[PDB]
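Basically the authors' numbering = 1-based index in the sequence shown + 1. Every residue, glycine too, gets a C-beta built ideally from N, C-alpha and C.
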Amino acid sequence: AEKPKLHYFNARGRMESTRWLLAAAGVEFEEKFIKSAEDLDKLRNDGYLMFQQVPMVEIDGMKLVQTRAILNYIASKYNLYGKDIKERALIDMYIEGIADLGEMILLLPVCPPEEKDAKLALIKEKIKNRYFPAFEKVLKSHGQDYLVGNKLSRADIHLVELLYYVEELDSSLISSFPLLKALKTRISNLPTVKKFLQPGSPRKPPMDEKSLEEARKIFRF
């Protein structure tokens, strides 16, 4: 069948968790990078972006926009979304907390510089006091290797992706959560994820100053 095609900037941004999810599911995909304002204008004008924004993923005849719509579909299609309505509820609750914290971290770079130290301070405090205790509590409550249903789900993938970003930000934040460390290690050793973490995969690097400043110019934001 049609191989999924991801339209995004050549950057992590809002497409990276989709790259993680597809790669962890063992699904081949290709990428079409938006290099210029002209590239974005053309996708807009031609009608392929419902709300004039990317990420956009072509999969199974559809042109999907909205990160959560994209991820929701992929997770169902490849059975990473639980076995029933009640398991989806747990997965949804888990990954929405991950998304909330991920949104903060996602936006720290474009945070105005006079307010950036306090944004970071607050982020670190929510990690140690709100989010990391909540997932450690889940893992300790059942002691199993996966967050939900004793079976790999999107929740494990999204969580461990976030754990890598939190390491980039501050290695010490995970130090008092041994079950999160153990999750990160096990998920990273699943063959599909291990390959995704090795060089040459579609996994994207952190944004750097040159790349951010240049893209701020090209796309005026």
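> Span of the alpha helix (DSSP H) holding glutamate 215?
Replying inline: 210-220
> Should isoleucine 188 go down as buried or exposed, given a rule of 16 or more other Cβ atoms within 10 Å for buried?
Replying inline: buried
> Which value, in whole angstroms, describes the spacing of the CA atoms of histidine 143 and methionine 57?
Replying inline: 37 Å
>> Can you tell me whether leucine 7 is helix, strand or coil according to DSSP?
In response: Shown here, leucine 7 sits in a strand according to DSSP, grouped into three states.
> Going by Cα to Cα distance, which pick from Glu17, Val28, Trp21 is closest to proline 5?
Replying inline: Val28
>> Suppose contacts are defined by Cβ-Cβ distances below 8 Å. Is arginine 204 in contact with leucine 213 by that definition?
In response: no
>> Determine whether the beta carbon atoms of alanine 24 and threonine 193 lie at a separation below 8 Å.
In response: yes
> Under the DSSP definition of a beta bridge, which residues are partnered with residue 1?
Replying inline: The structure shown does not extend to residue 1, since the chain is modelled only from 2 through 222, so no value can be given for it.
>> Let me check understanding here. Comparing Cα to Cα, which of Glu31, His8, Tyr9, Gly14 lies closest to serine 202?
In response: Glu31
> By how many angstroms is the C-alpha of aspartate 171 removed from the C-alpha of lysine 84?
Replying inline: 35 Å
>> So for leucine 109, helix, strand or coil by DSSP?
In response: coil
>> From the DSSP secondary-structure annotation, give me the bridge partner or partners of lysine 78.
In response: Looking at the DSSP assignment, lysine 78 forms no beta bridge with any residue, so it has no partner.
> With distances taken between CB atoms, is the gap from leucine 81 to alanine 2 smaller than 8 Å?
Replying inline: Cβ atoms of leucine 81 and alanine 2: not closer than 8 Å.
> Of the choices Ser177, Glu59, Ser77, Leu163, whose alpha-carbon is the least far from that of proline 207?
Replying inline: Measuring from the Cα of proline 207, the nearest candidate turns out to be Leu163.
>> For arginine 221, tell me which candidate among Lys33, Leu41, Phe34 has the shortest Cα-Cα distance.
In response: Of the candidates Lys33, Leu41, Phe34, the one whose C-alpha sits nearest the C-alpha of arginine 221 is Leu41.
>> Let's see if you can read the secondary structure: which residues bound the beta strand (DSSP E) around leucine 148?
In response: Where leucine 148 is concerned, there is no enclosing beta strand (DSSP E), given that its DSSP letter is neither H nor E.
> Fully enclosed by the stretch 122-205, which alpha helix (DSSP H) runs are 4 residues long or longer?
Replying inline: As far as the stretch 122-205 is concerned, its whole alpha helix (DSSP H) runs of at least 4 residues are 133-143, 155-170, 179-190, 192-198.
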